[PDB]
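S.K.: After the C-alpha cells below, expect a handful of questions from me.
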Amino acid sequence: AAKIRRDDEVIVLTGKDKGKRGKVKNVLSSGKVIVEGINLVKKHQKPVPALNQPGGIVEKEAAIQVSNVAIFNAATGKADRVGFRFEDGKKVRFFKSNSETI
Amino acid sequence: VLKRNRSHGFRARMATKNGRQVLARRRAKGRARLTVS
RNA sequence: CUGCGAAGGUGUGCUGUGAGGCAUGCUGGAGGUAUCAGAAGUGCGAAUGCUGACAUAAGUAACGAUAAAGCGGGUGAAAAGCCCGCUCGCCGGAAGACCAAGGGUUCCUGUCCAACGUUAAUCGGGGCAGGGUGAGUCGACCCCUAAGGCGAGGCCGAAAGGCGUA
RNA sequence: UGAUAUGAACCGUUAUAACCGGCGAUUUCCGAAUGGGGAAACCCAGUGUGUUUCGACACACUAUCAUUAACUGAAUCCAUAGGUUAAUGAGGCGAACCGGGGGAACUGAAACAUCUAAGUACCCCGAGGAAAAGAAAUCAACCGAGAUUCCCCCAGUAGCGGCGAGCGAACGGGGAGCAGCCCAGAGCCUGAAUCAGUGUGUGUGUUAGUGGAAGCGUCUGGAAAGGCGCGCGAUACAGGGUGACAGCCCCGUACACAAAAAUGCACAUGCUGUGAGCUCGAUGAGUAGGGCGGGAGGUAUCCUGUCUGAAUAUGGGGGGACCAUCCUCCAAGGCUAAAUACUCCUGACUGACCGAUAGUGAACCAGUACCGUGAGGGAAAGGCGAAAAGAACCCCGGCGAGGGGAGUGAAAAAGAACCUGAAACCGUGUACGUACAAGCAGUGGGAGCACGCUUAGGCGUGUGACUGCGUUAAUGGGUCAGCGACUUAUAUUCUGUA
C-alpha cells in the first residue's frame with residue numbers, strides 16, 4: 001500500500017527544485033525515493049585502482065522524502081493526492097478531484 | 001587449572017545446593033561467564 | 001513575540017539601598033517570554049566531599065669458561081658481537097650427526113619503527129597472522145608366554161579377604 | 001536476500017519474492033542429562049533388525065524413587081522382602097505475595113538479664129494463579145444479630161509493662177461482597193431436570209489488515225511548516241517522523257468493515273457417565289475422664305507416649321455460676337465462586353516525576369574493559385549535514401600524520417579529538433609601570449605618556465611613579481565548573497485567611 005511506486009510520474013512539492021517533473025527510479029525502505037534529473041549532487045569520487053577508474057566529479061542523484069513529491073495527474077497539470085479502492089477484488093490507485101483510475 | 005576447576009568449576013558448584021544458588025544468582029544477573037572454565 | 005535573526009555565552013549603557021530585569025553589537029542558527037497563582041531533587045567557599053583538567057622523574061628481559069682478535073663490503077636514524085669475501089686460534093674415536101626415555105607449535109615466511117615533561121637499547125628464539133609431520137614392507141598397537149599385579153571354584157583358614165587355575 | 005556496510009553475483013512483474021501471524025517436520029555436543037566417568041561445551045556405551053560393501057550403516061530403548069501389572073522367590077513349609085520386564089507420573093530454572101516446619105544482631109535502658117527491637121532480615125519444602133482462612137462447642141446474661149478476609153469509625157480508648165521508654169482490642173454502627181454442599185448408610189421409585197467430559201453448527205472475541213475526504217499562491221530567504229490576503233472541512237486540531245514551529249505534501253486517529261487454521265468467553269443439539277421427591281437410623285466403635293513429663297508458669301482453655309472403659313438432639317459445653325434457671329450454640333474428613341493481594345514479559349493510555357557527574361548499573365555491542373583462586377562489589381564514553389556524493393588534480397613532506405589552495409554545500413569560527421564552546425591555565429601583537437625586586441597583590445588623593453571625543457570648557461576607558469591609612473607559613477587547599485546539605489507521610493496543638 002505505497003502511493004509512490006517503481007514507475008510513476010511525480011512532481012516536486014518542496015525543496016530547491018519544487019515544480020519540476022520526473023520519474024521515480026527506485027524507492028528506499030526509509031521512506032525516500034530517487035528521481036533522476038532534479039536532485040543533482042556533485043560527488044568527489046575518490047580514484048580507485050580497481051576495474052573502474054571514473055574519478056573526478058560525478059553527478060549522482062540524491063534521494064528525497066516521499067512526502068516531498070506527489071503523483072502528477074497528467075490531465076489537470078497539477079499535483080494530486082492518490083487513494084486506494086477495491087475493484088473486482090483488486091486493489092488499485094485512483095486520483096482525487098474528478099478521481100479516475102491510473 | 002586442575003585446582004581452579006575442582007574448587008570453582010561448574011560440577012563443583014552444582015554438587016552442593018549453595019553453589020546451585022550461586023549459579024542461579026549469576027544467571028539472574030545475566031553474566032556472560034557463568035563460572036570459570 | 002517570532003529567519004532584516006530566539007535562548008545561552010562574551011562587552012558596553014540605563015534603572016533600584018541590595019538579589020536583578022528591560023533595550024543592543026559580536027558570536028551562535030533553533031523556538032522563547034511578561035503580568036494575576038500554584039507545585040520544591042531550584043542559587044554555594046571549604047563537610048580528609050566524588051571523577052579528568054598548570055604538577056619534582058620518560059613502554060621493549062639474557063653483567064657467571066684462562067679456544068683469539070682485528071681489517072673490508074652490504075643494510076640501517078645506530079656496527080667490537082648478525083649476513084657475504086679474505087685469515088688466525090680450539091674441538092675433531094666428537095664440543096658432528098642419526099634413535100629410545102624426557103620435553104610437546106620454541107625450529108620454516110611478511111610486521112606495530114621518526115618515539116610524553118629530552119627516554120639515545122648490537123638479539124631478527126617476542127605478542128598478534130599464514131604453512132609443513134605424506135608410509136604395506138620405519139616402529140608401536142593387533143596374536144602367544146614368564147616375573148610383578150589382578151582375577152567365578154578347589155588347596156591353606158570357623159566366613160569373607162589373601163595365595164591360585166581357566 | 002539481519003545490522004555494522006558500499007558494490008558485485010541472483011530471485012520476483014496479471015499471483016509459491018521478502019517481512020508478520022497460525023498449524024507441522026527437524027532440533028547434535030555442553031547444562032535437571034537418565035550407560036559410565038571426569039577438571040560443564042573432552043574421551044569411551046551395550047543389545048536386536050534392514051543396509052547392493054558381510055572391514056558395514058542407521059535408530060530406538062535402557063538410571064534412581066513412588067504406584068500398578070506380569071514372572072521367579074527366601075532365610076524359616078505356605079505368605080512376605082530382594083531381583084527382572086512393560087506403561088504412567090514425580091525431579092530443574094525464573095519476580096512479588098501467602099501458608100507449613102525452625103530461628104539473630106545493631107538501634108533501645110542510670111545495670112529485678114525477662115518485656116521492646118522481633119514471630120523481623122536471612123535460610124528450607126510444597127501448592128495455587130490469588131493464597132491462608134472461609135457457613136459458629138461463636139456474640140449478646142434472655143432488645144437482637146447470623147461465612148471469611150481487607151479498608152474506613154468507635155480508638156493512640158478500655159487494658160497490659162521496673163505502670164518507665166515501647167508494643168497494642170472486642171462488642172455495636174456505616175459499605176463492597178451477600179449462591180454453599182457432601183461423607184458417619186439406607187428402604188422404595190428411574191434413559192426425571194440441572195451440572196461434567198468428548199464433537200458439530202450459530203453469534204461474539206483474540207493472534208497479520210483494507211477502504212478512508214480535506215490549502216492554492218505571494219514577500220524576506222539557498223531551502224518553508226510560521227507572517228499578510230483569500231477558502232473548505234470539523235464524528236476527524238490524539239501524538240511522533242516529515243530541509244525553520246505542518247489538520248488539509250504523506251504515513252495515521254474517529255466512523256463504517258474482514259477470518260484458511262489454532263485458541264478463549266455464552267446457548268442449542270447428538271453419545272456416554274455422575275444424578276431428584278414421599279420416609280426410617282446414627283450423630284465419627286478403643287473417640288473420654290483420671291495418672292506422669294515438657295512448651296505456650298504451682299494454675300483457665302489447646303495438641304500427644306503407654307496401660308482400661310460408658311455416651312452424645314435421648315444428650316453433652318461458655319464471659320455478672322444457684323432445681324449445672326432460660327434463650328442461643330453441635331466440638332478433632334475434603335471441596336468452597338467472588339470482593340480484598342501481587343507486575344519479570346505484551347499492546348494502548350497517562351506525565352507541573354526526570355533530561356548525560358541526572359534517571360535503573362547500562363538512552364550506546366555495558367551485565368563490558370579491568371581487578372580477584374572463588375564469591376561479591378562494580379567504569380569511562382550522548383549531538384558534524386536536508387542529502388556524507390568524505391575529499392579529483394596540484395604544492396611541501398617520509399608514496400604517513402599535520403598544515404596551506406582549488407572544487408562541493410546557505411555556511412569550512414561545520415573538514416573524520418568534527419552542533420552551540422564557559423571559568424581557569426598556557427602563547428603571539430600593541431600601550432603603560434617596576435629592572436639588587438619581597439610586609440596580604442586593596443582603598444583614597446595625584447603626576448607623566450599612548451589610543452578615542454570636545455575649535456581652547458582641568459569629566460572617557462586602560463596603565464597607577466610617589467605619599468597617607470594597611471600580616472594567616474596557631475586549621476585544609478594548585479585553579480575552576482557541575483551535583484548535594486532541614487524533605488515526604490500519618491495525629492495533636494498555635495497563628496493568619498476564606
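Ordering of the C-alpha cells sets the chain letters (A, B, ...), residue numbers begin anew at 1 in every chain, and ligands are numbered from 1 in the order given.
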Residues of chain A within 10 Å of chain D, counting only C-alpha atoms (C1' of nucleotides), what are they? List them as a PyMOL selection string.
M.R.: chain A and resi 1-3+12-17+31+39-47+54-70+79-81+83-86+91+96
S.K.: Restrict the calculation to only C-alpha atoms (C1' of nucleotides), then for each residue of chain D with any atom at most 12 Å from an atom of chain B give the closest atom pair and their distance in Å to one decimal, rows by chain and rising residue number, as JSON lines.
M.R.:
```
{"residue": "D:30", "atom": "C1'", "partner": "B:10", "partner_atom": "CA", "distance": 11.2}
{"residue": "D:31", "atom": "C1'", "partner": "B:10", "partner_atom": "CA", "distance": 9.4}
{"residue": "D:32", "atom": "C1'", "partner": "B:14", "partner_atom": "CA", "distance": 10.5}
{"residue": "D:38", "atom": "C1'", "partner": "B:11", "partner_atom": "CA", "distance": 9.5}
{"residue": "D:39", "atom": "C1'", "partner": "B:5", "partner_atom": "CA", "distance": 5.2}
{"residue": "D:40", "atom": "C1'", "partner": "B:10", "partner_atom": "CA", "distance": 5.4}
{"residue": "D:41", "atom": "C1'", "partner": "B:37", "partner_atom": "CA", "distance": 10.0}
{"residue": "D:92", "atom": "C1'", "partner": "B:20", "partner_atom": "CA", "distance": 10.7}
{"residue": "D:93", "atom": "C1'", "partner": "B:24", "partner_atom": "CA", "distance": 7.7}
{"residue": "D:94", "atom": "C1'", "partner": "B:28", "partner_atom": "CA", "distance": 7.7}
{"residue": "D:95", "atom": "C1'", "partner": "B:28", "partner_atom": "CA", "distance": 10.8}
{"residue": "D:123", "atom": "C1'", "partner": "B:18", "partner_atom": "CA", "distance": 10.6}
{"residue": "D:124", "atom": "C1'", "partner": "B:17", "partner_atom": "CA", "distance": 11.1}
{"residue": "D:344", "atom": "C1'", "partner": "B:28", "partner_atom": "CA", "distance": 10.5}
{"residue": "D:361", "atom": "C1'", "partner": "B:29", "partner_atom": "CA", "distance": 10.9}
{"residue": "D:366", "atom": "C1'", "partner": "B:31", "partner_atom": "CA", "distance": 11.2}
{"residue": "D:367", "atom": "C1'", "partner": "B:31", "partner_atom": "CA", "distance": 5.6}
{"residue": "D:368", "atom": "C1'", "partner": "B:32", "partner_atom": "CA", "distance": 10.0}
{"residue": "D:373", "atom": "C1'", "partner": "B:4", "partner_atom": "CA", "distance": 6.3}
{"residue": "D:374", "atom": "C1'", "partner": "B:8", "partner_atom": "CA", "distance": 5.8}
{"residue": "D:375", "atom": "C1'", "partner": "B:22", "partner_atom": "CA", "distance": 8.3}
{"residue": "D:376", "atom": "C1'", "partner": "B:22", "partner_atom": "CA", "distance": 10.7}
```
S.K.: Write out as a PyMOL selection string all residues of chain B that DSSP puts in alpha helix (DSSP H) for this structure's backbone.
M.R.: chain B and resi 2-8+10-15+17-29
S.K.: Go ahead and save the residues from that selection, with C-alpha atoms, as a compact mmCIF listing (two decimals), in the first residue's frame.
M.R.:
```txt
# COMPACT_ATOMS: atom_id res chain seq x y z
CA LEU B 2 43.07 -28.51 37.99
CA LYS B 3 42.64 -26.91 41.42
CA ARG B 4 40.73 -23.96 39.96
CA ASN B 5 38.18 -26.23 38.29
CA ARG B 6 37.83 -28.55 41.28
CA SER B 7 37.19 -25.56 43.58
CA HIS B 8 35.02 -23.20 41.49
CA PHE B 10 30.60 -25.96 37.21
CA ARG B 11 30.48 -29.51 38.57
CA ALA B 12 31.79 -28.33 41.95
CA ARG B 13 29.12 -25.62 42.15
CA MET B 14 26.26 -27.95 41.22
CA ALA B 15 27.31 -30.63 43.72
CA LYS B 17 22.85 -26.53 46.87
CA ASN B 18 24.59 -23.28 47.83
CA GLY B 19 26.70 -23.45 44.69
CA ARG B 20 23.47 -24.09 42.80
CA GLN B 21 22.11 -20.88 44.29
CA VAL B 22 25.29 -19.12 43.16
CA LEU B 23 24.68 -20.26 39.59
CA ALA B 24 21.07 -19.10 39.87
CA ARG B 25 22.20 -15.65 41.01
CA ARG B 26 24.71 -15.42 38.16
CA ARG B 27 22.03 -16.37 35.63
CA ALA B 28 19.63 -13.77 37.02
CA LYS B 29 22.34 -11.12 36.73
```
S.K.: Name all residues at most 12 Å from residue D:302 (count only C-alpha atoms (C1' of nucleotides); drop same-chain ones fewer than 4 positions away) and give them as a count of residues only.
M.R.: 3
S.K.: Hey, what's within 12 Å of residue C:32 if we count only C-alpha atoms (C1' of nucleotides) and toss same-chain stuff fewer than 6 positions away? As a list in words, please?
M.R.: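 Answer for this query is residues 1, 2, 6, 7 and 8 of chain C; 245 of chain D.
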